[PDB]
Structures are given as C-alpha cells and as structure tokens.
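Colleague: Handing over run_15.tsv, TSV, N, CA, C and O atoms.
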chain	number	residue	atom	x	y	z
A	1	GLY	N	-130.40	-32.59	-161.04
A	1	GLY	CA	-129.92	-31.65	-162.03
A	1	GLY	C	-129.70	-32.30	-163.39
A	1	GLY	O	-130.65	-32.58	-164.12
A	2	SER	N	-128.43	-32.54	-163.72
A	2	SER	CA	-128.08	-33.15	-165.00
A	2	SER	C	-128.58	-34.59	-165.06
A	2	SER	O	-128.98	-35.16	-164.05
A	3	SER	N	-128.54	-35.17	-166.25
A	3	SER	CA	-128.98	-36.55	-166.45
A	3	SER	C	-128.38	-37.14	-167.72
A	3	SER	O	-127.97	-36.41	-168.63
A	4	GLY	N	-128.33	-38.46	-167.78
A	4	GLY	CA	-127.77	-39.13	-168.95
A	4	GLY	C	-127.87	-40.64	-168.85
A	4	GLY	O	-128.92	-41.18	-168.53
A	5	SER	N	-126.76	-41.32	-169.12
A	5	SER	CA	-126.72	-42.78	-169.07
A	5	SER	C	-126.28	-43.26	-167.69
A	5	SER	O	-125.34	-42.73	-167.10
A	6	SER	N	-126.99	-44.26	-167.17
A	6	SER	CA	-126.68	-44.82	-165.86
A	6	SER	C	-126.29	-46.29	-165.97
A	6	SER	O	-126.99	-47.08	-166.60
A	7	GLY	N	-125.18	-46.65	-165.33
A	7	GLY	CA	-124.72	-48.03	-165.37
A	7	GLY	C	-124.95	-48.75	-164.05
A	7	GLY	O	-125.89	-48.45	-163.33
A	8	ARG	N	-124.08	-49.70	-163.75
A	8	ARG	CA	-124.18	-50.47	-162.51
A	8	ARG	C	-123.04	-50.14	-161.56
A	8	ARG	O	-122.08	-49.47	-161.94
A	9	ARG	N	-123.14	-50.61	-160.33
A	9	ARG	CA	-122.12	-50.36	-159.32
A	9	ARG	C	-122.03	-51.52	-158.34
A	9	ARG	O	-123.04	-51.94	-157.77
A	10	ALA	N	-120.82	-52.04	-158.14
A	10	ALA	CA	-120.60	-53.15	-157.22
A	10	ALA	C	-119.79	-52.70	-156.00
A	10	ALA	O	-118.83	-51.95	-156.13
A	11	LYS	N	-120.19	-53.17	-154.83
A	11	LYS	CA	-119.51	-52.83	-153.59
A	11	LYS	C	-118.42	-53.85	-153.26
A	11	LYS	O	-118.68	-55.06	-153.27
A	12	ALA	N	-117.22	-53.37	-152.98
A	12	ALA	CA	-116.11	-54.24	-152.64
A	12	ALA	C	-116.27	-54.84	-151.25
A	12	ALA	O	-116.56	-54.13	-150.28
A	13	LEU	N	-116.10	-56.15	-151.15
A	13	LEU	CA	-116.24	-56.85	-149.87
A	13	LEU	C	-114.91	-56.89	-149.13
A	13	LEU	O	-114.87	-57.04	-147.91
A	14	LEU	N	-113.81	-56.74	-149.87
A	14	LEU	CA	-112.48	-56.75	-149.29
A	14	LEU	C	-111.50	-55.96	-150.15
A	14	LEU	O	-111.85	-55.49	-151.23
A	15	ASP	N	-110.27	-55.83	-149.66
A	15	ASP	CA	-109.23	-55.10	-150.38
A	15	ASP	C	-108.60	-55.98	-151.46
A	15	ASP	O	-108.21	-57.12	-151.19
A	16	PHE	N	-108.51	-55.45	-152.67
A	16	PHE	CA	-107.92	-56.18	-153.79
A	16	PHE	C	-106.85	-55.35	-154.48
A	16	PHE	O	-107.15	-54.36	-155.15
A	17	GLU	N	-105.59	-55.76	-154.32
A	17	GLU	CA	-104.48	-55.05	-154.93
A	17	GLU	C	-104.19	-55.59	-156.33
A	17	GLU	O	-103.58	-56.65	-156.48
A	18	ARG	N	-104.63	-54.86	-157.34
A	18	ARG	CA	-104.43	-55.27	-158.73
A	18	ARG	C	-102.97	-55.63	-158.97
A	18	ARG	O	-102.06	-54.86	-158.66
A	19	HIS	N	-102.74	-56.82	-159.53
A	19	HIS	CA	-101.40	-57.28	-159.82
A	19	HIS	C	-100.89	-56.72	-161.15
A	19	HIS	O	-99.75	-56.28	-161.25
A	20	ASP	N	-101.76	-56.73	-162.15
A	20	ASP	CA	-101.41	-56.22	-163.47
A	20	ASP	C	-102.14	-54.91	-163.76
A	20	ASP	O	-103.25	-54.69	-163.29
A	21	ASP	N	-101.50	-54.04	-164.54
A	21	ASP	CA	-102.09	-52.75	-164.89
A	21	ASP	C	-103.52	-52.93	-165.40
A	21	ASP	O	-104.36	-52.04	-165.26
A	22	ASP	N	-103.79	-54.09	-165.99
A	22	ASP	CA	-105.12	-54.39	-166.52
A	22	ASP	C	-106.11	-54.66	-165.39
A	22	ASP	O	-107.30	-54.37	-165.51
A	23	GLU	N	-105.60	-55.21	-164.29
A	23	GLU	CA	-106.45	-55.53	-163.14
A	23	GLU	C	-106.86	-54.25	-162.41
A	23	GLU	O	-106.06	-53.34	-162.23
A	24	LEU	N	-108.12	-54.20	-162.00
A	24	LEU	CA	-108.65	-53.04	-161.29
A	24	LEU	C	-108.73	-53.31	-159.79
A	24	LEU	O	-109.52	-54.13	-159.33
A	25	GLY	N	-107.89	-52.61	-159.03
A	25	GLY	CA	-107.88	-52.78	-157.59
A	25	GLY	C	-108.93	-51.93	-156.89
A	25	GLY	O	-109.58	-51.09	-157.52
A	26	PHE	N	-109.10	-52.15	-155.59
A	26	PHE	CA	-110.07	-51.40	-154.81
A	26	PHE	C	-109.96	-51.73	-153.33
A	26	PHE	O	-109.49	-52.81	-152.96
A	27	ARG	N	-110.39	-50.80	-152.48
A	27	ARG	CA	-110.33	-50.99	-151.04
A	27	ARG	C	-111.63	-51.61	-150.52
A	27	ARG	O	-112.65	-51.58	-151.20
A	28	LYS	N	-111.57	-52.17	-149.32
A	28	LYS	CA	-112.74	-52.79	-148.71
A	28	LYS	C	-113.86	-51.77	-148.51
A	28	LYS	O	-113.64	-50.70	-147.96
A	29	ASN	N	-115.06	-52.12	-148.96
A	29	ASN	CA	-116.21	-51.24	-148.83
A	29	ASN	C	-116.11	-50.07	-149.80
A	29	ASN	O	-116.54	-48.96	-149.50
A	30	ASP	N	-115.55	-50.33	-150.97
A	30	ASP	CA	-115.39	-49.30	-151.99
A	30	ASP	C	-116.44	-49.46	-153.09
A	30	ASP	O	-116.84	-50.58	-153.42
A	31	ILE	N	-116.88	-48.34	-153.65
A	31	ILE	CA	-117.88	-48.36	-154.71
A	31	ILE	C	-117.23	-48.25	-156.09
A	31	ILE	O	-116.46	-47.32	-156.34
A	32	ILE	N	-117.55	-49.19	-156.96
A	32	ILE	CA	-116.99	-49.19	-158.31
A	32	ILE	C	-118.10	-49.32	-159.36
A	32	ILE	O	-118.91	-50.24	-159.30
A	33	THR	N	-118.11	-48.40	-160.31
A	33	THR	CA	-119.12	-48.41	-161.37
A	33	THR	C	-118.76	-49.43	-162.45
A	33	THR	O	-117.70	-49.35	-163.06
A	34	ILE	N	-119.66	-50.38	-162.68
A	34	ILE	CA	-119.45	-51.41	-163.68
A	34	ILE	C	-119.70	-50.87	-165.09
A	34	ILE	O	-120.82	-50.46	-165.42
A	35	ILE	N	-118.66	-50.86	-165.91
A	35	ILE	CA	-118.77	-50.37	-167.28
A	35	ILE	C	-119.13	-51.51	-168.24
A	35	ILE	O	-120.20	-51.50	-168.85
A	36	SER	N	-118.23	-52.48	-168.36
A	36	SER	CA	-118.45	-53.61	-169.25
A	36	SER	C	-118.17	-54.93	-168.53
A	36	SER	O	-117.02	-55.23	-168.20
A	37	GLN	N	-119.22	-55.70	-168.28
A	37	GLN	CA	-119.09	-56.98	-167.60
A	37	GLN	C	-118.56	-58.05	-168.55
A	37	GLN	O	-119.33	-58.83	-169.12
A	38	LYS	N	-117.24	-58.09	-168.72
A	38	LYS	CA	-116.61	-59.07	-169.60
A	38	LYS	C	-117.35	-60.40	-169.56
A	38	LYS	O	-117.67	-60.97	-170.60
A	39	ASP	N	-117.63	-60.88	-168.35
A	39	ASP	CA	-118.34	-62.14	-168.18
A	39	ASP	C	-118.90	-62.26	-166.77
A	39	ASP	O	-118.71	-61.37	-165.94
A	40	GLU	N	-119.60	-63.36	-166.50
A	40	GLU	CA	-120.20	-63.59	-165.19
A	40	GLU	C	-119.12	-63.83	-164.14
A	40	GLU	O	-119.41	-64.00	-162.96
A	41	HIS	N	-117.86	-63.85	-164.58
A	41	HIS	CA	-116.74	-64.07	-163.68
A	41	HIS	C	-115.84	-62.84	-163.61
A	41	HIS	O	-115.45	-62.40	-162.53
A	42	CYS	N	-115.53	-62.28	-164.78
A	42	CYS	CA	-114.68	-61.10	-164.85
A	42	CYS	C	-115.49	-59.87	-165.25
A	42	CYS	O	-116.13	-59.86	-166.30
A	43	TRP	N	-115.45	-58.84	-164.41
A	43	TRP	CA	-116.18	-57.61	-164.68
A	43	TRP	C	-115.23	-56.42	-164.80
A	43	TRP	O	-114.12	-56.45	-164.27
A	44	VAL	N	-115.67	-55.38	-165.50
A	44	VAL	CA	-114.86	-54.19	-165.69
A	44	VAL	C	-115.59	-52.95	-165.20
A	44	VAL	O	-116.58	-52.51	-165.79
A	45	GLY	N	-115.09	-52.37	-164.11
A	45	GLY	CA	-115.71	-51.18	-163.55
A	45	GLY	C	-114.80	-49.97	-163.63
A	45	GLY	O	-113.76	-50.01	-164.28
A	46	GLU	N	-115.20	-48.89	-162.96
A	46	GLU	CA	-114.42	-47.66	-162.96
A	46	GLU	C	-114.17	-47.17	-161.54
A	46	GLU	O	-115.09	-47.12	-160.72
A	47	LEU	N	-112.92	-46.82	-161.25
A	47	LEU	CA	-112.55	-46.33	-159.93
A	47	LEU	C	-111.25	-45.54	-159.98
A	47	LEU	O	-110.28	-45.97	-160.62
A	48	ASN	N	-111.23	-44.39	-159.32
A	48	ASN	CA	-110.04	-43.55	-159.29
A	48	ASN	C	-109.61	-43.17	-160.70
A	48	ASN	O	-108.41	-43.06	-160.98
A	49	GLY	N	-110.58	-42.99	-161.59
A	49	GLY	CA	-110.28	-42.63	-162.96
A	49	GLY	C	-109.59	-43.75	-163.71
A	49	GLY	O	-108.89	-43.50	-164.70
A	50	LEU	N	-109.78	-44.98	-163.25
A	50	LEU	CA	-109.17	-46.14	-163.88
A	50	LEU	C	-110.23	-47.13	-164.35
A	50	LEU	O	-111.36	-47.11	-163.86
A	51	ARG	N	-109.86	-47.99	-165.29
A	51	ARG	CA	-110.78	-48.98	-165.83
A	51	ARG	C	-110.07	-50.31	-166.07
A	51	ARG	O	-109.23	-50.42	-166.96
A	52	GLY	N	-110.41	-51.31	-165.26
A	52	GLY	CA	-109.79	-52.62	-165.41
A	52	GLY	C	-110.72	-53.74	-165.01
A	52	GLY	O	-111.79	-53.51	-164.44
A	53	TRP	N	-110.31	-54.98	-165.30
A	53	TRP	CA	-111.12	-56.14	-164.97
A	53	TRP	C	-110.91	-56.55	-163.51
A	53	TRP	O	-109.97	-56.09	-162.86
A	54	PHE	N	-111.79	-57.42	-163.01
A	54	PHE	CA	-111.70	-57.89	-161.63
A	54	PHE	C	-112.75	-58.96	-161.36
A	54	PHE	O	-113.81	-59.00	-161.98
A	55	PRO	N	-112.44	-59.85	-160.40
A	55	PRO	CA	-113.34	-60.94	-160.02
A	55	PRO	C	-114.59	-60.44	-159.29
A	55	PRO	O	-114.50	-59.91	-158.18
A	56	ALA	N	-115.74	-60.60	-159.92
A	56	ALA	CA	-117.00	-60.16	-159.34
A	56	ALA	C	-117.18	-60.74	-157.93
A	56	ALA	O	-117.72	-60.07	-157.05
A	57	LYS	N	-116.73	-61.97	-157.74
A	57	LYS	CA	-116.84	-62.63	-156.45
A	57	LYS	C	-116.24	-61.77	-155.34
A	57	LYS	O	-116.76	-61.73	-154.23
A	58	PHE	N	-115.16	-61.08	-155.66
A	58	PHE	CA	-114.49	-60.22	-154.69
A	58	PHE	C	-115.39	-59.06	-154.28
A	58	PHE	O	-115.27	-58.52	-153.18
A	59	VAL	N	-116.30	-58.68	-155.18
A	59	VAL	CA	-117.22	-57.58	-154.91
A	59	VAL	C	-118.67	-58.07	-154.92
A	59	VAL	O	-118.93	-59.26	-155.11
A	60	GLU	N	-119.60	-57.15	-154.71
A	60	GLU	CA	-121.02	-57.48	-154.69
A	60	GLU	C	-121.82	-56.52	-155.56
A	60	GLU	O	-121.53	-55.33	-155.61
A	61	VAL	N	-122.82	-57.06	-156.25
A	61	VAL	CA	-123.66	-56.25	-157.13
A	61	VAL	C	-124.64	-55.40	-156.32
A	61	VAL	O	-124.98	-55.74	-155.19
A	62	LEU	N	-125.08	-54.29	-156.91
A	62	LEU	CA	-126.02	-53.40	-156.24
A	62	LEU	C	-127.06	-52.87	-157.23
A	62	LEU	O	-126.72	-52.16	-158.18
A	63	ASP	N	-128.32	-53.21	-156.99
A	63	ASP	CA	-129.41	-52.76	-157.86
A	63	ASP	C	-130.41	-51.93	-157.08
A	63	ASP	O	-131.48	-52.41	-156.69
A	64	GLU	N	-130.07	-50.66	-156.85
A	64	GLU	CA	-130.94	-49.76	-156.11
A	64	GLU	C	-131.68	-48.82	-157.06
A	64	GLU	O	-131.29	-48.66	-158.22
A	65	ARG	N	-132.75	-48.20	-156.56
A	65	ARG	CA	-133.54	-47.28	-157.37
A	65	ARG	C	-133.83	-46.00	-156.59
A	65	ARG	O	-134.57	-46.01	-155.61
A	66	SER	N	-133.25	-44.89	-157.05
A	66	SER	CA	-133.44	-43.60	-156.40
A	66	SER	C	-134.26	-42.67	-157.29
A	66	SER	O	-134.55	-42.98	-158.44
A	67	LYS	N	-134.65	-41.52	-156.73
A	67	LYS	CA	-135.43	-40.54	-157.46
A	67	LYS	C	-136.41	-41.23	-158.42
A	67	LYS	O	-136.42	-40.94	-159.62
A	68	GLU	N	-137.22	-42.13	-157.88
A	68	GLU	CA	-138.19	-42.86	-158.69
A	68	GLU	C	-139.44	-42.01	-158.92
A	68	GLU	O	-140.19	-41.73	-157.98
A	69	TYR	N	-139.66	-41.61	-160.17
A	69	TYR	CA	-140.82	-40.80	-160.52
A	69	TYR	C	-141.56	-41.40	-161.71
A	69	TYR	O	-142.74	-41.72	-161.63
A	70	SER	N	-140.85	-41.54	-162.83
A	70	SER	CA	-141.44	-42.09	-164.04
A	70	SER	C	-142.28	-43.32	-163.72
A	70	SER	O	-143.30	-43.58	-164.38
A	71	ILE	N	-141.86	-44.08	-162.72
A	71	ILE	CA	-142.58	-45.28	-162.31
A	71	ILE	C	-143.24	-45.10	-160.95
A	71	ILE	O	-142.64	-44.52	-160.04
A	72	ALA	N	-144.46	-45.59	-160.81
A	72	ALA	CA	-145.19	-45.49	-159.56
A	72	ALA	C	-146.50	-46.28	-159.61
A	72	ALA	O	-146.96	-46.66	-160.69
A	73	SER	N	-147.09	-46.52	-158.45
A	73	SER	CA	-148.33	-47.27	-158.36
A	73	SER	C	-149.52	-46.33	-158.16
A	73	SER	O	-149.36	-45.19	-157.73
A	74	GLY	N	-150.71	-46.82	-158.48
A	74	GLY	CA	-151.91	-46.01	-158.33
A	74	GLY	C	-153.12	-46.83	-157.93
A	74	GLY	O	-153.37	-47.09	-156.75
A	75	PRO	N	-153.90	-47.27	-158.93
A	75	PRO	CA	-155.10	-48.07	-158.71
A	75	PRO	C	-154.78	-49.48	-158.22
A	75	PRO	O	-154.66	-50.41	-159.02
A	76	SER	N	-154.63	-49.63	-156.91
A	76	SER	CA	-154.31	-50.92	-156.32
A	76	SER	C	-155.53	-51.50	-155.60
A	76	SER	O	-155.96	-50.99	-154.57
A	77	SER	N	-156.07	-52.58	-156.15
A	77	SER	CA	-157.24	-53.23	-155.57
A	77	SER	C	-158.29	-52.20	-155.16
A	77	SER	O	-158.89	-52.30	-154.09
A	78	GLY	N	-158.50	-51.21	-156.02
A	78	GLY	CA	-159.48	-50.18	-155.74
A	78	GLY	C	-159.00	-48.80	-156.14
A	78	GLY	O	-158.99	-47.87	-155.34
Would you kindly transcribe this structure into structure tokens?
Modeller:
Amino acid sequence: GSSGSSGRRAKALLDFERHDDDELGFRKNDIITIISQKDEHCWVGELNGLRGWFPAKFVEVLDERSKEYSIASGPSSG
C-alpha cells in the first residue's frame, strides 16, 4: 500500500534494561528500527515510541529484501 523512506532494523539478542533515559532498552528477540547509527559501537533505534542509544553488540543487524520488483534478473548466460 503506502510507501516512503525505509531504514534499518536490528534484532535484540538479549534483554537490555536502559539505565539512563537516553539509553534505549529492549527485550530478547525484539525488533528495533535503527534511526541514526551514532557510531560502529553506539546505535540509535526506535522502539515503543522511544528513541535512544544502545550497544550494537547487544543486538544484531538485519539486511533483508522484501517485495523485490524494481530489481530482478533476466538474460543469464543466454
């Protein structure tokens, strides 16, 4: 249906209870949309209508491709 800007999403490997309001917590096996990756160590995603930093190591990156149309293969070795 609708369409717009698409970002990234990291899957939580374990439960992380944010200590500071700035820290973004999450439950084990939780999906969080990455908004601004402060750095290769500290990332900022979105969850429960919240936005805070968190250790990427605690979570895992996800690069999937759905509803793929614009891109496709055709003339392959013939």
Colleague: Could you check how far atom C of residue 60 (chain A) sits from atom O of residue 30 (chain A), in Å to one decimal?
Modeller: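 Computing it gives 8.0 Å between the two atoms.
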Colleague: May I have the residues at most 8 Å from (-114.3, -56.8, -165.3) in the file's coordinates, counting all atoms listed in the file, as a PyMOL selection string?
Modeller: chain A and resi 22+24+34-39+41-45+51-56
Colleague: Could you work out how far CA of residue 33 (chain A) lies from CA of residue 46 (chain A), giving the answer in Å with one decimal?
Modeller: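 Atom-to-atom, CA of residue 46 (chain A) and CA of residue 33 (chain A) are spaced 5.0 Å apart.
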Colleague: Do you have the CA of residue 32 (chain A)-CA of residue 12 (chain A) distance handy?
Modeller: 7.6 Å
Colleague: I'd like to know which of A:57, A:28, A:62, A:48 is closest to residue 10 (chain A), using only N, CA, C and O atoms.
Modeller: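 That would be A:62, the residue with the smallest distance to residue 10 (chain A).
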Colleague: Compare A:19, A:7, A:47, A:2 by their minimum atom-to-atom distance to residue 63 (chain A), counting only C-alpha atoms, and give me the closest one.
Modeller: A:7
Colleague: Quick one: everything within 12 Å of residue 64 (chain A), counting only C-alpha atoms, minus sequence neighbours fewer than 2 positions away in the same chain. Send it as a list in words.
Modeller: residues 6, 7, 8, 9, 10, 61, 62, 66, 67 and 68 of chain A
